[PDB]
Amino acid sequence: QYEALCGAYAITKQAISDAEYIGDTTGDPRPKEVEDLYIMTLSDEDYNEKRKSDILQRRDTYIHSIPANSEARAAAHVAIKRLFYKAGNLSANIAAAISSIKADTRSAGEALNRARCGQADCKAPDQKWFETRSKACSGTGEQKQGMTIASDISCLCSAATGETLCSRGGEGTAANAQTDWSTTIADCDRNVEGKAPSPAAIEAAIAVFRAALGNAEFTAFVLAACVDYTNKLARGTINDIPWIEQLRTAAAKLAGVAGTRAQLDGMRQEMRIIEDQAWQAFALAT
Amino acid sequence: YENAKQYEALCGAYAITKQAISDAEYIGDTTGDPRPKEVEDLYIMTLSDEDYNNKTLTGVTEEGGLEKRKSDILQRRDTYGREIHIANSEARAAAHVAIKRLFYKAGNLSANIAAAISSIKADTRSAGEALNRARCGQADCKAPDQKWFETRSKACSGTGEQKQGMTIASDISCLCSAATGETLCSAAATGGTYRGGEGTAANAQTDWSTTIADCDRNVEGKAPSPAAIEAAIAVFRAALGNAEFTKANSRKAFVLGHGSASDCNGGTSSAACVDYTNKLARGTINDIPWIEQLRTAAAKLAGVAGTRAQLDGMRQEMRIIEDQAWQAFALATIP
Amino acid sequence: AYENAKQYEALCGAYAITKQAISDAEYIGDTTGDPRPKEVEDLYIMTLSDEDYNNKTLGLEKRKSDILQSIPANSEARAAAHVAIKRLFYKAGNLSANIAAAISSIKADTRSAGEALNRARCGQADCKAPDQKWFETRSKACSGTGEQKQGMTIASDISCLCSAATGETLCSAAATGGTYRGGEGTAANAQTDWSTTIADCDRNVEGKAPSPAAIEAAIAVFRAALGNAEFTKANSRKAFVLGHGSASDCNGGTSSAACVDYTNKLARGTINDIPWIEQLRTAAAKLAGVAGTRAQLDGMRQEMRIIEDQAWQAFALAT
Ligand SMILES: *[C@@H]1O[C@H](CO)[C@@H](O[C@@H]2O[C@H](CO)[C@@H](O)[C@H](O)[C@H]2NC(C)=O)[C@H](O)[C@H]1NC(C)=O
Ligand SMILES: *[C@@H]1O[C@H](CO)[C@@H](O)[C@H](O)[C@H]1NC(C)=O
Ligand SMILES: *[C@@H]1O[C@H](CO)[C@@H](O)[C@H](O)[C@H]1NC(C)=O
Ligand SMILES: *[C@H]1O[C@H](CO)[C@@H](O)[C@H](O)[C@H]1O
Ligand SMILES: *[C@H]1O[C@H](CO)[C@@H](O)[C@H](O)[C@H]1O
Ligand SMILES: *[C@H]1O[C@H](CO)[C@@H](O)[C@H](O)[C@H]1O
Ligand SMILES: *[C@H]1O[C@H](CO)[C@@H](O)[C@H](O)[C@H]1O
């Protein structure tokens with residue numbers, strides 16, 4: 001077999017790229033113009049920073065002025081005061097939304113890693129990744145079945161009677177599994193160029209796993225073999241078996257990045273709108 | 001122990017049909033959808049003494065609340081101080097048309113916003129009817145009764161009248177009901193009633209809410225997703241196969257069963273099968289009646305996502321219309 | 001009998017998407033908001049000063065009388081509302097230019113996507129009529145014995161998988177190709193074994209607009225069907241074969257021989273390296289970029305309409 005096992009390894013060894021979701025970062029801060037225009041409309045008390053220098057210069061053609069010190073300067077100010085506040089109070093929402101995405105992506109990254117490696121220590125092959133071959137692949141004494149992606153490449157790919165079909169029944173092959181990890185990866189780690197994670201790719205891998213579920217050897221939701229996920233299955237759902245649940249939790253956090261993406265793009269457009277709104281309000285002060 | 005994977009596929013499809021599509025999961029918040037009260041309140045301001053009265057009955061905007069608020073709009077809702085919310089300069093009149101332009105546009109958008117909501121309401125209910133039409137033979141799917149199955153001969157083997165795939169239940173009933181019993185489909189999977197070729201849909205109903213137990217305990221608190229429908233078909237097509245049958249009209253890969261059969265309208269454990277060759281003529285699994293309804297529901301669930309994008313965009317225009325109204329209101333505050 | 005249909009249907013789904021039209025106009029809304037709003041151009045002349053008001057710097061009088069069904073009075077706003085309109089005027093001027101580039105970017109992206117679909121089905125971006133250039137020899141298209149032009153086209157893999165001597169409705173619900181028999185690659189014989197084999201797919205086509213997800217979905221369908229666990233000797237990776245089973249060659253005489261052994265063409269175990277899936281991915285990627293550019297297009301149209309609203313607010317100062 002050995003098809004969904006290495007496939008899930010590539011999906012767990014994908015690359016979460018926060019930058020490909022956050023995107024612009026240029027319109028996210030409060031537009032400099034709605035801040036420069038604001039100061040020039042501060043009447044004759046608050047205006048009198050080293051930033052007044054950048055304003056009233058850099059015409060960019062070959063841009064700003066102190067308007068009439070009448071009520072129109074304050075009349076324009078109260079118009080842009082909300083425009084100034086709206087950008088600043090929207091940039092915080094954009095920044096908070098970015099932190100939501102960054103938390104979700106890494107959390108989905110942790111779930112993707114914790115699905116394969118232990119916690120997040122996949123930099124080196126911990127021995128806790130692989131367990132005994134009676135309580136982890138058979139689950140007799142303790143119900144510790146099918147824990148990780150690599151916790152299943154031990155059974156059906158160790159012991160005897162196999163012509164690399166999956167490229168110590170009862171005992172623990174922890175070190176042999178550590179060696180079998182090197183042999184197994186050699187038939188893997190090709191990756192898929194690590195393009196990006198996708199919630200559909202997790203469901204597709206999950207669905208592909210459900211296809212290979214089944215075997216007609218001697219001791220129903222199984223994959224000799226020594227797998228028998230029915231040990232910890234409890235109710236038939238794979239929502240109990242660990243690595244499927246960890247993959248699903250990662251998809252749930254990854255599902256939220258698109259929702260914040262639609263919110264985030266529209267908020268940036270509003271900032272671009274608030275720029276154009278402000279210039280047509282500086283004319284209020286003639 | 002025999003037809004376990006096939007049940008897992010059908011139970012997966014049943015799960016989505018048992019899932020509910022709440023309308024508000026797509027419509028969302030509607031407190032900002034209507035015409036903003038700020039742009040309305042600003043419109044009463046730039047009106048002068050004339051046209052500002054209850055007796056303007058010939059033209060009234062939303063003054064069915066007997067006006068009243070016309071003079072009470074000038075409130076004091078601010079910070080520790082009171083600032084917000086009208087003389088009668090030429091700027092007052094010149095600001096009215098600027099508000100009137102956005103006052104119209106906000107109201108038009110409110111109608112357009114409501115129009116997109118009605119599209120979502122219709123599509124979701126139309127989609128909801130489709131999922132039901134797969135689980136039952138109706139758009140309601142209420143009582144596990146009322147004969148939404150058919151005879152064994154017609155529904156499982158397609159001998160008399162080609163009626164395979166009519167409902168996900170019929171395919172579940174045929175696959176999990178035979179004389180020979182085991183943990184074939186589920187734990188309590190014997191299905192003794194629906195055994196003979198003459199076995200009517202009543203027999204299936206009598207052993208329906210006994211083999212469907214695990215499925216209803218496994219439907220989780222999620223919502224149907226168009227990928228979930230396509231996923232449900234993927235596990236279904238993966239399980240379709242039984243290399244043993246009746247030669248002609250035995251196109252396998254269209255058989256949901258096991259072992260030598262020669263029939264699926266019988267008592268043998270093997271006859272716990274459904275041959276679709278007599279319905280899947282075109283050659284596609286997607287021609288099974290509950291597959292099309294699954295795809296019909298998934299298609300409608302993709303349509304509401306786009307209308308949601310239109311709905312969200314309209315509320316953005318409404319909100320920036322509210323801000324632009326204050327800009328036009330600042331025209332009047334000129335000496 | 002039908003012994004490759006599970007493999008055939010996966011290939012037929014891809015052929016269905018390639019035989020589908022993207023309709024370059026479905027991703028555009030209208031040519032109303034795209035051009036510069038004439039009202040802003042109209043309001044430009046109502047405050048276009050009194051000098052340069054009819055001085056066309058190489059007409060203006062016809063446009064100044066065009067406004068017939070307020071007054072271009074010489075006040076401050078005649079030069080104090082023009083500046084606000086000027087700021088808006090060229091902002092919408094660049095915006096409509098960017099809109100035109102976005103439309104051209106969409107059209108170029110859809111054509112490149114549509115070319116890729118034709119490239120996967122046929123080998124060229126012009127799927128006009130069945131040509132011998134579409135297929136190649138068994139040695140190349142199916143068995144990989146002599147050259148590695150294996151996954152060139154879906155059309156060659158279909159002809160390799162659904163054509164052999166021994167074959168009763170091997171797939172396609174009607175007949176089996178009887179000329180592409182063994183070393184006789186005869187790409188012309190694969191052309192004779194084409195219209196008979198491909199007629200079911202020319203009925204499975206529907207009004208399903210070519211979508212990025214459907215292309216990735218059909219690839220998953222092919223992934224499931226990719227397998228032949230018996231096959232033959234070294235460099236015969238059994239997971240990367242598409243056939244009945246228990247063979248030693250591909251496209252020979254046996255129905256089993258109707259197989260495609262990508263082992264020689266494939267590398268790093270990535271099916272996303274067979275020619276047709278590559279093009280399918282290229283088409284899917286470009287189609288996604290169409291969605292992104294269309295999202296920009298509607299956003300730009302939104303900014304143009306608000307610019308026109310700002311024009312009156314700027315122009316209302318002249319009263
Ligand atoms: C894009 O917007 C800019 C905004 O300035 C336009 O630039 C002006 O174009 C007018 C055209 O008659 C010239 O007279 C000005 O000298 C330009 N000013 C500057 C600062 O560039 C420009 O025309 C717009 N369109 C394009 C294609 O650039
Ligand atoms: C924006 O936030 C400031 C405080 O940071 C607050 O004083 C102001 O009222 C807010 N205005 C808006 C429009 O949100
Ligand atoms: C819709 O727009 C038209 C434009 O003439 C306007 O007369 C009408 O009042 C608008 N709708 C509403 C509900 O205001
Ligand atoms: C299913 O039922 C048949 C007929 O009784 C039996 O022969 C098989 O052994 C069983 O699995
Ligand atoms: C399916 O049923 C047949 C008898 O029809 C039996 O021989 C097989 O063992 C069973 O799987
Ligand atoms: C190819 O399939 C045919 C069916 O027509 C069978 O007769 C052969 O044995 C097989 O190789
Ligand atoms: C495929 O063709 C081989 C040729 O030997 C035959 O043995 C198999 O029975 C058939 O399916």
# chains A, B, ... in the order shown; residues from 1 in each chain; ligands from 1
>>> residues_around(residues="stretch 47-53 of chain A", least_positions_apart="3", cutoff="12 Å", atoms="only C-alpha atoms", output="PyMOL selection string")
chain A and resi 32+35-44+56-58+64-67+69+73
>>> write_last_selection(atoms="C-alpha atoms", output="compact mmCIF listing (two decimals), in the first residue's frame")
# COMPACT_ATOMS: atom_id res chain seq x y z
CA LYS A 32 0.04 59.24 5.71
CA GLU A 35 -2.45 62.35 8.90
CA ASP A 36 -0.53 65.07 7.05
CA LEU A 37 -3.75 66.86 6.05
CA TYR A 38 -5.04 66.57 9.63
CA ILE A 39 -2.16 68.54 11.15
CA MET A 40 -2.46 71.39 8.63
CA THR A 41 -6.09 71.83 9.78
CA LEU A 42 -5.26 72.12 13.50
CA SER A 43 -6.16 75.86 13.59
CA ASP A 44 -3.58 78.20 15.20
CA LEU A 56 4.57 71.51 2.98
CA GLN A 57 7.33 69.99 0.82
CA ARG A 58 7.82 67.10 -1.62
CA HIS A 64 0.00 70.60 1.22
CA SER A 65 -0.61 74.09 2.57
CA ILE A 66 -1.89 75.89 5.66
CA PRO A 67 -5.47 76.90 4.73
CA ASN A 69 -7.45 80.42 9.48
CA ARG A 73 -10.15 75.34 8.87
>>> interface_residues(of="chain C", to="chain B", cutoff="9 Å", atoms="only C-alpha atoms", output="PyMOL selection string")
chain C and resi 1-2+5-6+9+172-173+200+203-204+217+221+224+302+306+309-310+312-313+316-317+319
>>> residues_near_ligand(ligand="ligand 5", cutoff="9 Å", atoms="only C-alpha atoms and all ligand atoms", output="ChimeraX atom specification")
/B:2,180,257-264,266-272
>>> write_last_selection(atoms="N, CA and C atoms", output="compact mmCIF listing (two decimals), in the first residue's frame")
# COMPACT_ATOMS: atom_id res chain seq x y z
N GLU B 2 -18.80 -7.88 6.30
CA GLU B 2 -18.62 -7.94 4.85
C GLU B 2 -18.76 -6.58 4.18
N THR B 180 -28.92 -13.74 5.90
CA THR B 180 -27.66 -13.99 6.60
C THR B 180 -27.21 -12.71 7.29
N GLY B 257 -21.64 -4.45 -3.10
CA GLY B 257 -21.82 -5.73 -2.45
C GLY B 257 -20.56 -6.55 -2.42
N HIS B 258 -20.73 -7.85 -2.19
CA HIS B 258 -19.61 -8.75 -2.01
C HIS B 258 -20.00 -10.15 -2.48
N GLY B 259 -18.99 -10.93 -2.83
CA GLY B 259 -19.15 -12.35 -3.11
C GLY B 259 -20.02 -12.73 -4.29
N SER B 260 -20.01 -14.02 -4.62
CA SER B 260 -20.88 -14.52 -5.72
C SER B 260 -22.31 -14.11 -5.40
N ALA B 261 -23.03 -13.57 -6.37
CA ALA B 261 -24.37 -13.06 -6.02
C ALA B 261 -25.44 -13.66 -6.93
N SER B 262 -25.39 -13.39 -8.23
CA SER B 262 -26.44 -13.85 -9.18
C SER B 262 -27.74 -13.09 -8.92
N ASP B 263 -27.83 -12.37 -7.80
CA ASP B 263 -29.04 -11.58 -7.45
C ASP B 263 -28.73 -10.71 -6.23
N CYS B 264 -29.49 -9.63 -6.05
CA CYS B 264 -29.33 -8.76 -4.86
C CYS B 264 -30.71 -8.62 -4.23
N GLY B 266 -32.28 -11.23 -2.76
CA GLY B 266 -32.42 -12.51 -2.11
C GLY B 266 -32.04 -12.49 -0.64
N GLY B 267 -31.78 -13.67 -0.10
CA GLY B 267 -31.48 -13.80 1.31
C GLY B 267 -30.01 -13.95 1.64
N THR B 268 -29.21 -14.42 0.69
CA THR B 268 -27.80 -14.64 0.96
C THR B 268 -27.12 -13.33 1.35
N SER B 269 -26.10 -13.45 2.20
CA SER B 269 -25.35 -12.27 2.63
C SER B 269 -24.83 -11.49 1.43
N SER B 270 -24.50 -12.20 0.35
CA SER B 270 -24.04 -11.55 -0.86
C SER B 270 -25.14 -10.71 -1.49
N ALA B 271 -26.37 -11.21 -1.48
CA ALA B 271 -27.50 -10.47 -2.03
C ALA B 271 -27.78 -9.16 -1.31
N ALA B 272 -27.02 -8.90 -0.26
CA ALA B 272 -27.13 -7.59 0.40
C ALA B 272 -26.34 -6.64 -0.49
>>> residues_near_ligand(ligand="ligand 1", cutoff="7 Å", atoms="only C-alpha atoms and all ligand atoms", output="number ranges by chain")
A: 61; C: 90-91, 93-94, 97
>>> closest_residue(among="C:209, C:39, C:181, C:124", to="residue B:299", atoms="only C-alpha atoms")
C:209
>>> residues_near_ligand(ligand="ligand 3", cutoff="6 Å", atoms="only C-alpha atoms and all ligand atoms", output="PyMOL selection string")
chain B and resi 104+107-108
>>> write_last_selection(atoms="C-alpha atoms", output="short mmCIF file (atom, residue, chain, number, x, y, z; two decimals), in the first residue's frame")
data_model
loop_
_atom_site.label_atom_id
_atom_site.label_comp_id
_atom_site.auth_asym_id
_atom_site.auth_seq_id
_atom_site.Cartn_x
_atom_site.Cartn_y
_atom_site.Cartn_z
CA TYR B 104 -31.57 57.67 -2.72
CA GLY B 107 -32.39 53.16 -0.16
CA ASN B 108 -31.82 51.61 -3.57
#
>>> residues_around(residues="stretch 40-57 of chain B", least_positions_apart="4", cutoff="6 Å", atoms="only C-alpha atoms", output="number ranges by chain")
B: 67, 86, 92, 96
>>> write_last_selection(atoms="N, CA, C and O atoms", output="PDB file, in the first residue's frame")
ATOM      1  N   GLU B  67     -43.912  61.268  12.588  1.00  0.00           N
ATOM      2  CA  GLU B  67     -42.819  62.231  12.679  1.00  0.00           C
ATOM      3  C   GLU B  67     -42.173  62.192  14.058  1.00  0.00           C
ATOM      4  O   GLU B  67     -41.342  61.318  14.328  1.00  0.00           O
ATOM      5  N   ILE B  86     -28.362  71.562  13.465  1.00  0.00           N
ATOM      6  CA  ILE B  86     -28.687  72.079  12.143  1.00  0.00           C
ATOM      7  C   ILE B  86     -28.196  73.513  11.978  1.00  0.00           C
ATOM      8  O   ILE B  86     -28.484  74.376  12.802  1.00  0.00           O
ATOM      9  N   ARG B  92     -27.297  75.116   3.318  1.00  0.00           N
ATOM     10  CA  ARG B  92     -28.276  74.151   3.810  1.00  0.00           C
ATOM     11  C   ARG B  92     -29.011  73.488   2.651  1.00  0.00           C
ATOM     12  O   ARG B  92     -29.144  72.260   2.604  1.00  0.00           O
ATOM     13  N   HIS B  96     -28.540  69.573   0.863  1.00  0.00           N
ATOM     14  CA  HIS B  96     -29.660  68.642   0.797  1.00  0.00           C
ATOM     15  C   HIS B  96     -29.556  67.728  -0.419  1.00  0.00           C
ATOM     16  O   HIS B  96     -29.774  66.516  -0.308  1.00  0.00           O
TER      17      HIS B  96
END
>>> residues_around(residues="stretch 109-113 of chain A", least_positions_apart="6", cutoff="8 Å", atoms="only C-alpha atoms", output="list in words")
residues 11, 12, 13, 16, 119, 120, 122, 246, 247, 249 and 250 of chain A
>>> residues_near_ligand(ligand="ligand 2", cutoff="12 Å", atoms="only C-alpha atoms and all ligand atoms", output="PyMOL selection string")
(chain A and resi 78-93) or (chain B and resi 77-80+322-323+326)
>>> write_last_selection(atoms="C-alpha atoms", output="PDB file, in the first residue's frame")
ATOM      1  CA  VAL A  78     -14.322  68.095  12.105  1.00  0.00           C
ATOM      2  CA  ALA A  79     -14.941  66.453   8.729  1.00  0.00           C
ATOM      3  CA  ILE A  80     -11.508  64.803   8.604  1.00  0.00           C
ATOM      4  CA  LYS A  81     -11.365  64.222  12.368  1.00  0.00           C
ATOM      5  CA  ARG A  82     -13.729  61.289  11.878  1.00  0.00           C
ATOM      6  CA  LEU A  83     -11.840  60.347   8.712  1.00  0.00           C
ATOM      7  CA  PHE A  84      -8.606  60.477  10.719  1.00  0.00           C
ATOM      8  CA  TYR A  85     -10.160  58.412  13.515  1.00  0.00           C
ATOM      9  CA  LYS A  86     -11.793  55.947  11.130  1.00  0.00           C
ATOM     10  CA  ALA A  87      -8.459  55.022   9.543  1.00  0.00           C
ATOM     11  CA  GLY A  88      -6.694  54.698  12.898  1.00  0.00           C
ATOM     12  CA  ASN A  89      -9.563  52.759  14.467  1.00  0.00           C
ATOM     13  CA  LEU A  90      -9.735  50.571  11.341  1.00  0.00           C
ATOM     14  CA  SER A  91      -5.995  49.926  11.185  1.00  0.00           C
ATOM     15  CA  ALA A  92      -6.243  48.408  14.668  1.00  0.00           C
ATOM     16  CA  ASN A  93      -8.941  46.050  13.387  1.00  0.00           C
TER      17      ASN A  93
ATOM     18  CA  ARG B  77     -25.047  61.051  22.188  1.00  0.00           C
ATOM     19  CA  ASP B  78     -21.314  61.795  22.504  1.00  0.00           C
ATOM     20  CA  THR B  79     -18.410  61.503  24.976  1.00  0.00           C
ATOM     21  CA  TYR B  80     -18.437  63.153  28.425  1.00  0.00           C
ATOM     22  CA  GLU B 322     -22.989  57.130   5.813  1.00  0.00           C
ATOM     23  CA  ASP B 323     -19.556  58.769   6.084  1.00  0.00           C
ATOM     24  CA  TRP B 326     -21.436  63.806   7.126  1.00  0.00           C
TER      25      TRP B 326
END
>>> residues_near_ligand(ligand="ligand 6", cutoff="10 Å", atoms="only C-alpha atoms and all ligand atoms", output="PyMOL selection string")
chain C and resi 1-4+164-170+175-176+244-247+253-258
>>> atom_distance(atom1="atom CA of residue C:92", atom2="atom CA of residue C:304")
6.0 Å
>>> residues_around(residues="residue C:206", least_positions_apart="3", cutoff="12 Å", atoms="only C-alpha atoms", output="ChimeraX atom specification")
/C:13,15-21,201-203,209-210
>>> interface_residues(of="chain A", to="chain C", cutoff="10 Å", atoms="only C-alpha atoms", output="VMD selection string")
chain A and resid 1 to 3 187 to 193 200 to 201 204 to 205 208 211 265 to 266 269 to 270 272 to 273 276 to 277 279 to 286
>>> closest_residue(among="B:193, B:183, B:167, B:200", to="residue B:288", atoms="only C-alpha atoms")
B:167
>>> residues_around(residues="stretch 158-160 of chain A", least_positions_apart="5", cutoff="8 Å", atoms="only C-alpha atoms", output="list in words")
residues 168, 169 and 180 of chain A
>>> write_last_selection(atoms="N, CA and C atoms", output="mmCIF file, in the first residue's frame")
data_model
loop_
_atom_site.group_PDB
_atom_site.id
_atom_site.type_symbol
_atom_site.label_atom_id
_atom_site.label_comp_id
_atom_site.auth_asym_id
_atom_site.auth_seq_id
_atom_site.Cartn_x
_atom_site.Cartn_y
_atom_site.Cartn_z
ATOM 1 N N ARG A 168 7.860 -6.032 15.636
ATOM 2 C CA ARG A 168 7.962 -7.038 16.687
ATOM 3 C C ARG A 168 6.607 -7.194 17.352
ATOM 4 N N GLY A 169 5.737 -8.008 16.753
ATOM 5 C CA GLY A 169 4.371 -8.123 17.226
ATOM 6 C C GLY A 169 4.285 -8.482 18.693
ATOM 7 N N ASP A 180 13.595 2.054 10.754
ATOM 8 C CA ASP A 180 12.556 1.947 9.732
ATOM 9 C C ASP A 180 12.038 3.313 9.304
#
>>> residues_around(residues="residue C:142", least_positions_apart="5", cutoff="9 Å", atoms="only C-alpha atoms", output="list in words")
residues 136, 137, 148, 149, 150, 151, 156, 157, 159, 160, 161, 249, 250, 251, 258, 259, 260, 261 and 262 of chain C
>>> write_last_selection(atoms="N, CA and C atoms", output="PDB file, in the first residue's frame")
ATOM      1  N   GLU C 136       1.277   9.273 -30.135  1.00  0.00           N
ATOM      2  CA  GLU C 136       2.584   8.783 -30.545  1.00  0.00           C
ATOM      3  C   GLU C 136       2.554   7.258 -30.486  1.00  0.00           C
ATOM      4  N   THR C 137       3.739   6.654 -30.457  1.00  0.00           N
ATOM      5  CA  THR C 137       3.825   5.179 -30.520  1.00  0.00           C
ATOM      6  C   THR C 137       3.735   4.553 -29.135  1.00  0.00           C
ATOM      7  N   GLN C 148      10.271   8.582 -23.850  1.00  0.00           N
ATOM      8  CA  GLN C 148       9.467   8.851 -22.666  1.00  0.00           C
ATOM      9  C   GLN C 148       8.371   9.879 -22.931  1.00  0.00           C
ATOM     10  N   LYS C 149       7.833   9.912 -24.148  1.00  0.00           N
ATOM     11  CA  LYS C 149       6.708  10.797 -24.453  1.00  0.00           C
ATOM     12  C   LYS C 149       5.396  10.110 -24.068  1.00  0.00           C
ATOM     13  N   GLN C 150       5.224   9.911 -22.757  1.00  0.00           N
ATOM     14  CA  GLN C 150       4.155   9.049 -22.257  1.00  0.00           C
ATOM     15  C   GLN C 150       2.870   9.813 -21.958  1.00  0.00           C
ATOM     16  N   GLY C 151       2.927  10.737 -21.009  1.00  0.00           N
ATOM     17  CA  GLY C 151       1.725  11.415 -20.582  1.00  0.00           C
ATOM     18  C   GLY C 151       1.425  12.625 -21.437  1.00  0.00           C
ATOM     19  N   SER C 156      -3.615  10.468 -25.783  1.00  0.00           N
ATOM     20  CA  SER C 156      -2.738   9.313 -25.963  1.00  0.00           C
ATOM     21  C   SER C 156      -2.947   8.282 -24.859  1.00  0.00           C
ATOM     22  N   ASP C 157      -3.099   8.732 -23.609  1.00  0.00           N
ATOM     23  CA  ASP C 157      -3.339   7.799 -22.510  1.00  0.00           C
ATOM     24  C   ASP C 157      -4.677   7.087 -22.669  1.00  0.00           C
ATOM     25  N   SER C 159      -6.074   6.455 -25.573  1.00  0.00           N
ATOM     26  CA  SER C 159      -5.850   5.482 -26.632  1.00  0.00           C
ATOM     27  C   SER C 159      -4.987   4.318 -26.159  1.00  0.00           C
ATOM     28  N   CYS C 160      -4.071   4.555 -25.219  1.00  0.00           N
ATOM     29  CA  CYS C 160      -3.244   3.457 -24.721  1.00  0.00           C
ATOM     30  C   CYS C 160      -4.048   2.534 -23.818  1.00  0.00           C
ATOM     31  N   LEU C 161      -4.916   3.111 -22.983  1.00  0.00           N
ATOM     32  CA  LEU C 161      -5.641   2.357 -21.968  1.00  0.00           C
ATOM     33  C   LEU C 161      -6.871   1.654 -22.532  1.00  0.00           C
ATOM     34  N   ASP C 249       4.276  -5.856 -20.809  1.00  0.00           N
ATOM     35  CA  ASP C 249       4.434  -4.721 -21.701  1.00  0.00           C
ATOM     36  C   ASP C 249       3.252  -3.777 -21.496  1.00  0.00           C
ATOM     37  N   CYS C 250       3.125  -2.819 -22.406  1.00  0.00           N
ATOM     38  CA  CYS C 250       1.937  -1.936 -22.382  1.00  0.00           C
ATOM     39  C   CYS C 250       1.540  -1.708 -23.842  1.00  0.00           C
ATOM     40  N   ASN C 251       0.283  -1.362 -24.108  1.00  0.00           N
ATOM     41  CA  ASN C 251      -0.247  -1.254 -25.494  1.00  0.00           C
ATOM     42  C   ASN C 251       0.346  -2.367 -26.347  1.00  0.00           C
ATOM     43  N   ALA C 258      -3.174  -2.967 -22.393  1.00  0.00           N
ATOM     44  CA  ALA C 258      -3.668  -1.596 -22.486  1.00  0.00           C
ATOM     45  C   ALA C 258      -3.384  -0.920 -21.148  1.00  0.00           C
ATOM     46  N   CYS C 259      -2.141  -0.454 -21.008  1.00  0.00           N
ATOM     47  CA  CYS C 259      -1.662   0.196 -19.797  1.00  0.00           C
ATOM     48  C   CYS C 259      -0.719   1.332 -20.181  1.00  0.00           C
ATOM     49  N   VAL C 260      -0.460   2.212 -19.220  1.00  0.00           N
ATOM     50  CA  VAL C 260       0.472   3.320 -19.395  1.00  0.00           C
ATOM     51  C   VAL C 260       1.439   3.274 -18.221  1.00  0.00           C
ATOM     52  N   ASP C 261       2.670   2.826 -18.471  1.00  0.00           N
ATOM     53  CA  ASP C 261       3.693   2.700 -17.429  1.00  0.00           C
ATOM     54  C   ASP C 261       4.534   3.970 -17.379  1.00  0.00           C
ATOM     55  N   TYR C 262       4.104   4.930 -16.556  1.00  0.00           N
ATOM     56  CA  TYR C 262       4.776   6.223 -16.451  1.00  0.00           C
ATOM     57  C   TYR C 262       6.127   6.152 -15.751  1.00  0.00           C
TER      58      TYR C 262
END
>>> select_by_dssp(residues="stretch 90-229 of chain C", states="alpha helix (DSSP H)", output="PyMOL selection string")
chain C and resi 90-122+138-141+154-161+187-192+201-204+212-225
